[PDB]
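Per-chain numbering from 1; labels A, B, C, D, E, F, G, H, I, J, K, L, M, N, O, P and Q assigned in written order.
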Amino acid sequence: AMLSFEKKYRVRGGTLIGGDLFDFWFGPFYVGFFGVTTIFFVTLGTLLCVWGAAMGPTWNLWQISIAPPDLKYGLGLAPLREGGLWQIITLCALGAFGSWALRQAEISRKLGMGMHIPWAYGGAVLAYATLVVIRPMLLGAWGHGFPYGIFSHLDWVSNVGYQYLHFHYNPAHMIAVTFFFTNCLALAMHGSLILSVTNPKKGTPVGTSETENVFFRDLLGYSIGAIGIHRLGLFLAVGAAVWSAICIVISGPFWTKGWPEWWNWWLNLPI
Amino acid sequence: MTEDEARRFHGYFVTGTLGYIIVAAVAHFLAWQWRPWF
Amino acid sequence: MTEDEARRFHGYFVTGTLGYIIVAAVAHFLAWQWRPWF
Amino acid sequence: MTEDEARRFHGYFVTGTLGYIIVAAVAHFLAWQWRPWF
Amino acid sequence: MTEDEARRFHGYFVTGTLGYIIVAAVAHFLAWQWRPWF
Amino acid sequence: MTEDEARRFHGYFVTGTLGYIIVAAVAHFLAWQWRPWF
Amino acid sequence: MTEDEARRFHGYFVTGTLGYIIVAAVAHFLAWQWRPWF
Amino acid sequence: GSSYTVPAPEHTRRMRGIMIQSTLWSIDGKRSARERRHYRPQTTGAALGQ
Amino acid sequence: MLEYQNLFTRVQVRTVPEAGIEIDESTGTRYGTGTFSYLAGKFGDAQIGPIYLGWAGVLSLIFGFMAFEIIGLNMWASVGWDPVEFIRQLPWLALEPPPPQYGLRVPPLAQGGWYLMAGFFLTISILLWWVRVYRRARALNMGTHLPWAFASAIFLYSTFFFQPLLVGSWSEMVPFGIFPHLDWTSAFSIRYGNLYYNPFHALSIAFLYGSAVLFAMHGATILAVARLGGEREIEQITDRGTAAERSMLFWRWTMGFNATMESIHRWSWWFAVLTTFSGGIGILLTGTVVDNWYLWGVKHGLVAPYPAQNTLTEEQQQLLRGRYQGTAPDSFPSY
Amino acid sequence: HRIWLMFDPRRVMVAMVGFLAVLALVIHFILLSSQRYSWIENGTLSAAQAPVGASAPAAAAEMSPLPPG
Amino acid sequence: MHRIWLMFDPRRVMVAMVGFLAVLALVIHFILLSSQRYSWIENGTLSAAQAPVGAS
Amino acid sequence: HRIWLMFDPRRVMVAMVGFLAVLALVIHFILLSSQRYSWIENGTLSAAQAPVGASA
Amino acid sequence: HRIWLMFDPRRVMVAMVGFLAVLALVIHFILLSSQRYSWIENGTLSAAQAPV
Amino acid sequence: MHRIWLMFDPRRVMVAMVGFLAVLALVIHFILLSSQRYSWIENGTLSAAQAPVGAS
Amino acid sequence: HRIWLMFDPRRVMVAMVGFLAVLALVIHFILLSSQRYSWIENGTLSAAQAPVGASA
Amino acid sequence: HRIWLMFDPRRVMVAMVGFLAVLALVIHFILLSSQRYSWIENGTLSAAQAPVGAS
Amino acid sequence: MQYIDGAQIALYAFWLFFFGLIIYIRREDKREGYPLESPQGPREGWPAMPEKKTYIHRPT
């Protein structure tokens, strides 16, 4: 099945690895070399997640938890019973996340597009890599990563946040939250703006680009561009993930005490 | 839209509003018999 | 709206305003008998 | 707005303002009789 | 704005400021008799 | 903004500045009599 | 923008800088006699 | 408690934040701020003879 | 070297400022003429144009400034009117809610009256701003999607009033303060047993992350086809060009399914709205239906098992029993 | 008066009414939070019985559990 | 007096007035409900001598 | 009455009905949340046995 | 009067009314928050009984 | 020395000057208000001998 | 006097007044924050009675 | 000399004054935060009475 | 009752609402490029493609 305009776009070329062997479509999906690599890592990682569930006490979806090894194993590959299975799944996830990004770059190259989508996705991958690779390496043990469980990884976030007695006082966390909140507000504004022009008051014609700019100047005194809003949305969403990666990588590797005590520098200014 | 349309609608709006208030008054009378609030 | 139209609306408005204030005056006097606030 | 229109608005505005202040002064007299603040 | 209009506006502005300050002066003398701050 | 206009504004600015400082000097004199800070 | 009018500016700027520094020299001498910092 | 007695002003905190003692005061040692932390004692003009 | 990434604008045009589409000006008007910012034109549109002011906007500004003044003046009084301490300690200062024992009755002015007054004025200001947004939308014959998107956030904001009223105390309200409202967030989660196990809280987390994901995806997609004219979305919606086709095809080949140039904005709208809607429901159920979300999660099979880290003997079970927190001591005893 | 030529009466009236509304609400709310003029609770008291001199920054206990609702 | 309707649209004034009165009525009713003396839903049957009074 | 010439009956009916429905739900919910008028549980009690607020 | 040619009277008087309103609010608030001049509660006290 | 008014716009100088003077006056007034010695709202009636002095 | 040809006097004056004003406030505020020179409180003390920092 | 041909004197002057101003503030503030050279508090002490680091 | 509580009821009501919303948005997603072309013939997923939507343009 193809869209009514899809046939003329399904051409060869644009791949980073391979030729006509991996230049086909399986149903709607495009399969490249990195499509094949994605399926390998997804299948291996998911099957090992199912095995970790079978080793545990329950099949309940919310209660399944595959935990990282103890801190005493210290950057080694622990026994698979004792957390080594978590490390293997982590490698499969890294390979699948990397393959997904490279597969996206191949698709945009075939369509004559920019490379923005792979790099925007790389912000999320960087945050994940900080959580399970960079910060655990700086702290010296793979056991500093979070467990793989729907509600188990919420317990990790709670306990890690309270390792600094008040995680709200983290300066980088405060900035990252502002990025997340502003992004949600801007997305609601952008979604409303396009829909209100395209679906206007009943019986009236569809509005124009002037209508958007006039409306937001009337409301706020300033109207970002049609390209400005898409630049801002990319900046807010990706910057939220980048500031999240900073906020967690400075807790422990750089700051070990409580986060409220960090604000001594502001209170001890000479003035 | 016109004067005659306004008069016809007004007649039904007035009867509908007043009849609704009388039915609510009877409901308050029944509620008073059950558990008065003053 | 003309000056004559403004005159006609104003007559209904003061009557509606006066009727609203009078009914509120009865409500305040009823509440005073039940529980005076001074 | 013409100068005459400003003159007509000013007369109503001044009378309304001063009358409002007088009504507030009577309210302050009634409050003082009830519970003086000085 | 013109010079003839600036003269006429300056008269009401000065008289308005003069009256406002005099009311403030009377208010401060009232407050000083009631509870001096020095 | 010509030279003569700068001459006219400068005369009022200097007088206003020097007058303002003298009034502030009298204010500090009154504060010193009430509660000296040295 | 030229040398002739820059020389006129420099005379007022230098005399302003000298006056500012002289008042600061008097201020520091007053502070030293009141409470020396060395 | 079955009854409440009003403390002296010098024993009352100006700041009503619940966590102010552990998040700010435990790291703040400025003497001016420590002085501002509480209300100051008061009297009457008659008590002073004024 | 690298291609043009459409991240910034190097050549900016200047014309006469756009005064604006003619609208009804009986109860309001446009102020300013429209200036141009060189720094703002690099990122988006350069015009700092005229702003419309009417009845609702003026009233909203008056009420909001009253609330802001009350909050700031109470903050300043809390440090003894010290300006140095006011700036230095500003993140820690707060306008605190009333004490718990007053319930919903009026507190003293210095012990929560200012708080309630400022909250009332802020609520009135927010509602008047909503009215202003609605009028601005319908003056240009636009649909009212932004008013209802704003109403969702207003619903979440108003749960911070309705939950304390449902539990029966204004003491449970959010203090006005930078660090203090975070303190309230933490203590509210602790008091009601780990808000991580509130299902509507998890739902709002999911919609917040989904909003970030959707905006990253849409922004990257539009910037990737901006050289084909994809940033003119209205045109690509009423007359589908090759930029919309390429966006659709990219996402269909990547994911197996796609949206249109119009419906991706519906996705965005609904994710952003559902964030605050589910959050408000979750806050409303806390303390009124469920008092301990961890125990509710244990009830409904949400809590993963861990090995026990301690065991207690029976005498230890009786001794380690504590007392619920009560009143502060109003006396200084002498021993 | 010529002031209405400089300022449109339509624009001034809305600002004037809004200022009066906020000021009247502020004063009524301040009196409601005071001990002496909390008329909804103590309006029936005579002038002699009304509270006097009750500034008392810690007039009530700050820490306590919620009332038994 | 009637010329106020030429300066101000009756449609806008009436809608604003109804919104102001509705909010005012709700606020006053709610303030009385939250008080001790006038929480009429619970204690409305008490006589005037039995109703709560604030402390002297 | 010419109020309908300057106010659209369709919008008035929708706003009025919506206001009445929300008001009725609020009043019913306030009574249900109270002690005296929690009729789902205590509706069979007589007026003498129904809860009354604290008397002073 | 010539100052009114340099400055627009409309903007000056709006900024003057706004500044004085905030100043009056700030001063009345400071006195209300003080002990000596909390006139809502202390107003009936004589000058000798007022707090110092 | 009057030539500075051609280098700098008199209108912009007056606004900036008044704004700086207003902010400075408020800061000085409030610095004194928060001090023990110069509260003057609570302790203004004290004589200079009775006014507080910082510790030696 | 030839510096003013290389450097624009208008922006130099603004940067000079801006820097000196900020520097003056910083020094005044640093002294006000200290114990020896907290002149608002202890300005009436003599040089002998003024506080001195910790010694060895 | 020929350095002003390679570098604009106006750009050099601004960068140099900005660097010197920052360096002087950093040194003055580092000494102010120390114990031996907290001159605003202990400047009247003689060199023998000034604080010295341990050992 | 005992096991059934208000939070669970609200959660399931939200689930039903979300599924309905997803169906509506998926219907809106199929307003361009449909019906799909396949060798076997025309194809539509669930939900089916909606009716043709026409816009309104200003007169010249």
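What we mean here is this: a contact is a pair of C-beta atoms (placed from the backbone, for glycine too) under 8 Å apart; a residue touches a chain by one contact, two chains touch by 3 or more.
K.L.:
Which chain is most central here if centres come from C-alpha coordinates alone?
P.N.:
Measuring from the global C-alpha mean, the nearest chain centre belongs to I.
K.L.:
Counting C-beta pairs in contact, does N-O beat A-O or the other way around?
P.N.:
Of N-O and A-O, it is N-O that has more C-beta pairs in contact.
K.L.:
Taking each chain's centre as the mean position of its Cα atoms, how many Å separate subunit C from subunit K?
P.N.:
14
K.L.:
Taking the mean of the CA coordinates per chain, how far is subunit B from subunit F in Å?
P.N.:
From the centre of subunit B to the centre of subunit F is 74 Å.
K.L.:
Express in whole angstrom the distance between the two chain centres, defined as the mean CA positions of subunit C and subunit D.
P.N.:
Each chain reduced to its C-alpha mean, subunit C and subunit D end up 21 Å apart.
K.L.:
If you average the CA atoms of subunit E and of subunit H, how far apart do the two points sit, in angstrom?
P.N.:
40
K.L.:
Could you tell me which residues belong to subunit E and also touch two or more other chains?
P.N.:
In subunit E, residues 9, 34, 36-38 touch at least two other chains, as defined above.
K.L.:
Using the touch rule from the top of the page, what residues of subunit P touch 2 or more other chains?
P.N.:
32, 40, 44
K.L.:
Among the residues of subunit I, which are close enough to touch at least two other chains?
P.N.:
Answer for subunit I, listing residues that touch two or more other chains: 26-27, 55, 77, 79-82, 84-85, 88, 105-106, 109-111, 179, 183, 238, 245, 248, 257, 262, 266-267, 326-327, 330.
K.L.:
What part of subunit M is in contact with subunit J in the complex they form?
P.N.:
It comes out as residues 9-10, 21, 32, 35, 38, 40-42, 44-45, 49, 51.
K.L.:
Would you tell me which residues of subunit H are touching subunit J in their complex?
P.N.:
1, 4, 6-7, 9, 12, 14, 16, 39
K.L.:
Would you mind writing out the residues of subunit N in touch with subunit H in their complex?
P.N.:
So the residues of subunit N touching subunit H come out as 34, 36, 42, 45-46, 50.
K.L.:
Show me the residue ranges of subunit A that touch subunit I in the complex, using the header's touch definition.
P.N.:
3, 5-6, 9, 25, 27-30, 57-58, 60, 62-65, 103-104, 107-108, 111-117, 119-121, 123-124, 149, 151-152, 154-155, 157-158, 166, 168-169, 180, 183-201, 204, 206-211, 213-215, 217-238, 240-241, 263, 266-267, 269, 271
K.L.:
Going by the contact rule at the top, pick out the subunit M residues touching subunit I in the complex.
P.N.:
Going by the criterion above, the answer is residues 22, 25-26, 29-30, 32-33, 40.
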